[PDB]
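J.: what's the 3D shape of this:
(chains A, B, C, D, E, F, G, H, I and J)
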There are 10 protein chains.
Amino acid sequence: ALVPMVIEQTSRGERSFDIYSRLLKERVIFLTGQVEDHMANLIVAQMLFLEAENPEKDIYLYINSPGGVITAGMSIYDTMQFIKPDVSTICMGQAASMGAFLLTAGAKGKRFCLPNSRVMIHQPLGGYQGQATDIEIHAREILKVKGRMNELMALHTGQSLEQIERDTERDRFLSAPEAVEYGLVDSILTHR
Amino acid sequence: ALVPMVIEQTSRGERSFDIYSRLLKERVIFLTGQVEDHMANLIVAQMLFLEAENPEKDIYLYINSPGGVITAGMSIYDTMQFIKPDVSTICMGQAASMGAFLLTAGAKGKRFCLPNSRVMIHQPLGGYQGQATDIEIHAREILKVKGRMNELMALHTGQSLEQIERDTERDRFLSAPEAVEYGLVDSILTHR
Amino acid sequence: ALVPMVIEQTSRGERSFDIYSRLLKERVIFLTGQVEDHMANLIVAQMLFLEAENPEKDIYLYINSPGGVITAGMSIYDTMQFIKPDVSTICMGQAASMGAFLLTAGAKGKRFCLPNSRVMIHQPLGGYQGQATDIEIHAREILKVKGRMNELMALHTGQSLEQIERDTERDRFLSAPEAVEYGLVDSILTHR
Amino acid sequence: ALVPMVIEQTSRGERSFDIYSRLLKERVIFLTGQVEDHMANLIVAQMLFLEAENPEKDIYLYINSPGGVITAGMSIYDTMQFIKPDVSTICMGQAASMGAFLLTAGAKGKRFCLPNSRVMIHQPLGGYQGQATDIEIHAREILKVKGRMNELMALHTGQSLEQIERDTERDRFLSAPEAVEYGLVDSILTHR
Amino acid sequence: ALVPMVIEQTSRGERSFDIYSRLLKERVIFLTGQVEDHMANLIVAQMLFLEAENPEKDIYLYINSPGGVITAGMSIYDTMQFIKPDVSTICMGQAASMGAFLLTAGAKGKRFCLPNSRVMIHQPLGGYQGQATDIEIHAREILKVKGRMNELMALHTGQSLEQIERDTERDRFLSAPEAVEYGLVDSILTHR
Amino acid sequence: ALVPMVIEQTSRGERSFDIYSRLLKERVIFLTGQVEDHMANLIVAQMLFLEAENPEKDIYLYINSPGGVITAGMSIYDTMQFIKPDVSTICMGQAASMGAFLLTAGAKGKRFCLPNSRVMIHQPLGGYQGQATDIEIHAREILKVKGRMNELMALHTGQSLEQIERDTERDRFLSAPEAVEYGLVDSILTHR
Amino acid sequence: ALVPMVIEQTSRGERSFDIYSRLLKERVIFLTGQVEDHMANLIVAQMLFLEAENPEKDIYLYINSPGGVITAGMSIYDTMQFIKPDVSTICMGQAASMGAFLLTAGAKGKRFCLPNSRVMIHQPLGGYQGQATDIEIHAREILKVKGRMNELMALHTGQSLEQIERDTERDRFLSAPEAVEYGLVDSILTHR
Amino acid sequence: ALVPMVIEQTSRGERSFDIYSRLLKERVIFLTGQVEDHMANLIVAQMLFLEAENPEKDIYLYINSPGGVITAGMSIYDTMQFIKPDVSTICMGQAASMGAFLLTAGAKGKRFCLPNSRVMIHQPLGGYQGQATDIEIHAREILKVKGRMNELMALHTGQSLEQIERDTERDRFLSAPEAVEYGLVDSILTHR
Amino acid sequence: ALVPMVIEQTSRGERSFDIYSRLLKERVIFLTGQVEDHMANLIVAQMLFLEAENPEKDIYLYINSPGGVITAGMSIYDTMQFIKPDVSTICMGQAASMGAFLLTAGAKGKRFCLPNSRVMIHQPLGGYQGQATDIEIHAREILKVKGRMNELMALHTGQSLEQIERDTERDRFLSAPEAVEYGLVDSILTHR
Amino acid sequence: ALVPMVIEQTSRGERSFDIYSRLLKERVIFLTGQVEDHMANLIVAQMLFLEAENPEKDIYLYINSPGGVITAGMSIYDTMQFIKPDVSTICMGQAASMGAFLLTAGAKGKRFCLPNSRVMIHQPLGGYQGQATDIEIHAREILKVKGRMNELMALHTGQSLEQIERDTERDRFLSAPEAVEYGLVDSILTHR
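T.: Residues are numbered from 1 along each chain as shown, chains lettered A, B, ... in the order given. Take a look at the structure below.
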């Protein structure tokens, strides 16, 4: 019973559903832990599934994540922009590195975070071993990636590009009220 | 049978339910072991689930935990303070560190612990490796967290902030009667 | 087939039940292996369930275990004392250390053990590493626990406190007839 | 609950399927992780299954993978060309190495990638230990494969063979707009 | 969801089968990965099952494998020859070593491979440690096996025995068109 | 040459001694690295040897060390106090923990440190595992040692005892000028 | 001979020394590999030994090292400044990090490097684990060291302090001509 | 006897030196195995020692090595160019990578190799992990080194710079007669 | 005493040499173990040393070794062919692979083996991992070496090249008299 | 003092020799432990050394050995037969396997063993992994050795060849009196 069962009444009222499936039914998706490929593929499958179910309703994404692989994370980034319905992202716990990136990518006006949460941002990491010529190729690609993400942060936050450039040089930590002022989230949820 | 099944009768019931799901129906949630992200993620889902079923009834949270990750613990804390119904926390076994933190966060007047339990509190731990510049950044963040945790302790317990500041310098152990006197819990359950 | 199925009859049933669930239904709980947090947590859930189904009948606890974590063991102890129906404990195989402690915690007149069983008792173990200041703090806490466990032994067995302290300095082994004379159990079951 | 369940209505409505089975029903297949033999044996079974279900409709293949074993990739490669309905390949995240090989192999006019994706191509890798005579045999086989892979790239992309030969000498990275101009994909999906 | 489910309508309409069972029903068996005892044992059970289901219809065996244990593989070989209906083998990906051996053992006129596949053949491997007397016994046995394997290759392929012996001295790789000319397969499948 | 040889002339001039023996001859002892039993024993043998050669002349002890095991360190301390000639201690690099303790134990008026050195002091560390009874014994002994070390610090430095106790609760770092003002050393050497 | 012996004539001519001792005799000291405590201690012993032999003659220090422990490096630095004769440093191979620091510490007008050498400089690294209180203490100390390290660079190179701070934020590599222009060395040696 | 002793007569005849010292006396230095810091440091000492002994006589350097660290190899190179007597290099066994570089650095007209030797040349290897900004710094530095090594090859061999760049793209193996035509060596030694 | 000392008299009788040096003095060199770089390097030094001592006298090389790395072995081979005095090679125990190669390279008429010895010959081994292009480069170099080694076997033994080529396809073992007939050695030593 | 020094008087009397060198002087050689190549090589060097010293006097070889590699051991065997003076072998402790082989190889009439020593003999051990073709080559190679070892045993002991072959199929143990009767040794030593 790592994951409990719940029961809901309908017509027949017989069906029971793993608590996470019960939430998927209500259009709630959770993103937790490291961002990698298998995890991300599952999240994308859930979004495509909900898009098909009802193209006219919002999807709520709950984020609590330390970061992860950029390539994997970008498949979520693009799915969210490609599917028709809005995705509203809510930050709880933490949204760091790639987690923060996806958090700001939610529908404008619908980006919210709980009051004791933390958001942290920073330039991408990477590395390589090989011949001097291969090193050059791989170095150029990571720099292009850094530049591209810098452009997307400016687009979603409203900050100038140069300001974004300075702010990601070293780990930058933001409290929930700062994330609001900075422009990463629109508001802080407080009480029901 | 790591987890046994139980049987209940209702309308046409029948229906068997893993003993932990049987208790979820009674609005009982257990929090045990280390506080981490996957566990915490699941508890939050359970609280949202109960909040939706009946916004007007109390949720009982059983705590028996040695401590854990602060970020994960804060996710739980913020949900408890958001959802409409009261959460009544009961400490059994131990509530140490972050576990103690969540124990006192329950609804006022409803924080209760069993007579042979133990509660322990202490300032947060952490660390880092890197360039002197990055060490500075990370040191500032841990100090801010320490400060925030102390304010929340003072708020929930009624102690002055300085008293909280002195008492968490080193591990402080409290017996159940001491937790009551100090202000971490309101009362001790004895016999039905 | 690690755990076999059994079939029972009722009205319409039939009904197949993991052999351990079949016994939970008869108000029988088994406690085996090391006492720890996850397992203890489950024992507690089972006792609360049975208490609700029929507050007027006894619960039988079968004990066969080498010992374990005191904190986890205390949660079981407090629940046994809190709930309304008597809990009758039966020792088979062995009841050592924390296992022996819980054995004597059963309802008076209802503590029974099988004739070739063994009971062993001893003062608690522990340890620590750190600054001399931290060592003192932790040393005091273990001594407080030792004192508390002795009080409870004296209370439940009828021995004076001084006698309990002398007898637990080093491991002490008792045969079933010795446990009866000493006061840990009330009687020995032989043949039906 | 690693994979959530979804419920759909039909006549009776008794349909409960893991989200991936639910999407197979809509003719969507995902390819993620390394390309190997057990995985690229399940994809083949799924494509054959869909071909029979309806020989006149498109199959959608989502590709997000770093590369893999050429043999495994080739059984997929040949099945896609053999079966009657078009396979439309969509690149998300990354399509590197053998992953890119399969991406370009989809139906003409239907090869598309999301805007922040990456495609990377390069000559095949391998190795051997043994007698000089065996080394020669194995060296020849890998060179034949390199030659064959280059012909297939030229066929599908429209580049001359010599241009393909010059571009795969070292890891070549292409951004989504570059893949379009180069000829690996036909277009970029933007919004539904 | 490692293996997806598929639904099939009949009379009443309730059929849910793992995709691999769905294909067994169509008389398709898949042989992949290393050939060993447990897997070989399952392939034989499936063939006997189909033989009984309908003695007058062909069985299709899909082969994609690097090789394996001769002893285990020979139990598949003998079953294929014993049973009544023809077994048609199709090579995809690769058929190396023992894989190639089983490939050519299918019904004459029905051995077919896909165009980008590879087939590789070689003399058997083995080894031993022990006293000089034991080494001799084990050396003789492996040589008898080499002899028997060559006779069967010559029988099924039409090559003279001497030609088979020369060609298996060292790893020999054959492309799909060569396998056809050599006589390992009868033809190459192209498009539906 | 992990350690080089040097040549000096006396009478006949045939003197080639390892560089460390050459300096022992000038009544110079180097103490570096962790202070543990085998190494400390050698430091003591060297001091006894020098005392015998000339009871009226000073011995120079160079200190550069991160810490030690205390017991070993005390045998060095007591020897320095017991032998007749003054031991003048010089701190280069660092003198932490036990190293700092021995540094201040040098003859009054002769404690000196180089200008870019660091001195750090703190209360002793330790630990134990066992029965609650043994834990008590070991905890008492470490506290007695802490007390004794503080008395010796106050004696040698001129600080009040109360001040020493407060200052060793947490690691305290002192720059060379701070060591002078505090009273750990008498002066800073500058240039010959 | 891991290290060869050489023969030199004097008076009787019976002189056979380890080539490194032969060079110590010419007032040549080599500093190579990581800078740590045991090796640094030896370098200091050699300099004291040479200072005693002839206070009026220059000592030559050859440097080829990647870096090391700051504390160990400082004991070398202070001895060089303390002893009377000029120490002339020569860089061959590389002088990185702490090695670069010691290189510039040589007598003004006598710092020289070979033409294909490399010099690299950066801010110091460090780290720590523990209670938030201890983290603060250790973070403060590393920052103080960083500050001290910048003052000495500016002192020896003639650069302004602000310029030094900017230039050590991230590793900066200098070719031999750059080291001269920047002021780390006075000149480049070419041919005897 | 890892290394044997040999006897030679001068005056008194009492000379028994390790065979390698015996050859150092004849101005012969051997460079074997990987080039690294400690070994390179020793070669430099031998070369300086021989220059002093007799500035007018050639030094013979035997090379047999697979390659090594560029920095260490460069300190050898600079010494060869700095010291006054010519250094004649002779290659036996192999001179690969950095080993080949040093081979060509010998005095013009005196570079010679044995007839069955092999010489191999290639571009520098390296790598790095860290932030995109740090990658940018290190990648640039390895490219600067590559450029410098190519200039030195062209200078010593007489090849144009463009020709050197093309030839070091991938491992290039040369036989002794090829090394002569290319210009890495002046001639092949045959028989005494 | 892994290696014993022996005493011999010349003039004053003061000669005590390691038994291996005692035999080096008689112009005897032993070759045992694998032929690698460091060991081969020592043999070359010994042969150069003996050549200088007396250019007109034979050098005896005892061979007992299982194999080697070829490159190191070729430096031994070239030295034997360069130095003026004949080298007489004697095989005892075994001369396999590279050992056999060096055995046959000795002076004609002076190659001899003991009667119970074994000689074994085979084509060279090697391997490589990497891009298909690099595999091709490395795969060519190993074949050039195979070619050259066969050319030298034929030259020294008198066998035709075609015959050598056939005989080294697989391990070929020869007894002492067979080696004589084949032409690897000139004769068998029997008794003094 | 792993090995002690001993003093002897000769002429002047300045003689101090390791105890093993002292015994070599008396023509005593010890063979102990496993037989391998580095060890065997030393024994041969010692025997060649003694043969030269005095061709007319016996050499004593003490054997105490569990066995070892035949190839290495045969180099001792052949040297013993080649050199002019008789070699007398004495067995103490044990002479097993190859150790027994060498024991009987001593001069006829001079093979002696101590009364509680034990001797054990058995056919050769070995093994191989590879292609069936290589297995055959290596298997024949070990059988030839078995045959040759059998001939030599019969030659030295006087047993017929058929008897030797029957006796070595399984480990055969002989007490000292049986070794004498069998013919492995000539007699048993008793007391001086």
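
J.: residue A:58 is in contact with residue A:29, correct?
T.: No - at 11.4 Å, residue A:29 does not count as touching residue A:58 under the criterion of Cβ atoms under 8 Å. C-beta here means a position set from N, CA and C on the backbone, and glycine is covered the same way.

J.: neighbours of residue A:28, just the number please.
T.: 18 (other Cβ atoms under 10 Å in any protein chain shown).

J.: for it, which residues are in contact?
T.: Residues in contact with residue A:28 (Cβ atoms under 8 Å, 6 or more residues apart in numbering or on different chains) are A:60, A:62.

J.: also the one 10 residues further on?
T.: Neighbouring residues of residue A:38 by Cβ under 8 Å, 6+ apart: D:32, D:33.

J.: quick check on the residue nearest the centre of chain A: phi, psi?
T.: Central residue of chain A (Cα atoms, centre = their mean): residue A:102, 2.9 Å from the mean position. Per-residue torsions, residue A:102: phi -70, psi -30 (degrees, to the nearest 10).

J.: how about the secondary structure of residue A:174?
T.: strand (DSSP: H, G, I helix; E, B strand; the rest coil).

J.: that one pairs with what?
T.: Residue A:174 forms beta bridges with residue A:119, as assigned by DSSP bridges.

J.: and it, how many neighbours?
T.: Residue A:174 - counted by other Cβ under 10 Å - has 21 other residues nearby.

J.: that one and residue A:118 touch, don't they?
T.: Yes - if you go by Cβ under 8 Å, residue A:174 and residue A:118 touch, sitting 7.2 Å apart.

J.: which neighbours do the two share?
T.: By Cβ under 8 Å, 6+ apart, residue A:174 and residue A:118 have no common neighbours.

J.: circling back: between residue A:29 and residue A:58, tell me which one has more neighbours.
T.: Neighbours were counted for residue A:29 and for residue A:58 using other Cβ under 10 Å; residue A:29 has more, 21 against 14.

J.: contact partners for that one?
T.: A:43, A:46, A:47, A:50, A:59, A:60, A:61, A:62.

J.: doesn't it belong to a strand?
T.: Yes - using three-state DSSP, the assignment for residue A:29 is a strand.

J.: roughly how far apart are residue A:130 and residue A:145?
T.: Distance, residue A:130 to residue A:145, using Cβ to Cβ, to the nearest Å: 18 Å.

J.: mind naming the longest strand for chain A?
T.: Looking across chain A with DSSP state E, the single longest strand is strand A:87-96.

J.: does that strand reach chain B?
T.: Yes - Strand A:87-96 reaches chain B (Cβ under 8 Å from any Cβ of the partner chain) through A:92, A:93, A:94.

J.: same deal with stretch A:175-192?
T.: Yes - judged by Cβ under 8 Å from any Cβ, stretch A:175-192 and chain B are in contact via A:175, A:189, A:190, A:191, A:192.

J.: and residue A:72, what does it touch?
T.: For residue A:72, the contacting residues are A:35, A:36, A:37, A:39, A:40, D:64, D:93, by Cβ under 8 Å, 6+ apart.

J.: what subset of these is buried?
T.: Among the contacts of residue A:72, the ones that count as buried by 16 or more other Cβ atoms under 10 Å in any protein chain shown are A:35, A:37, A:39, A:40, D:64, D:93.

J.: tell me if I'm right that residue A:15 and residue A:6 touch.
T.: No - between residue A:15 and residue A:6 there is no contact under Cβ under 8 Å: 9.9 Å.

J.: name the residue in these two with the higher neighbour count.
T.: residue A:6 (21 against 16).

J.: off-centre distance for the helix or strand in which the more buried one is found?
T.: Assigned by DSSP states H and E, residue A:6 belongs to strand A:5-7. Strand A:5-7 has its C-alpha centroid displaced from the chain centroid by 28 Å (Cα atoms, centre = their mean, to the nearest Å).

J.: follow-up on the earlier one: measure the residue nearest to the centre of chain A to residue A:186 for me?
T.: Counting by Cβ to Cβ - residue A:102 and residue A:186 are separated by 15 Å.

J.: can you check residue A:138 too?
T.: 38 Å.
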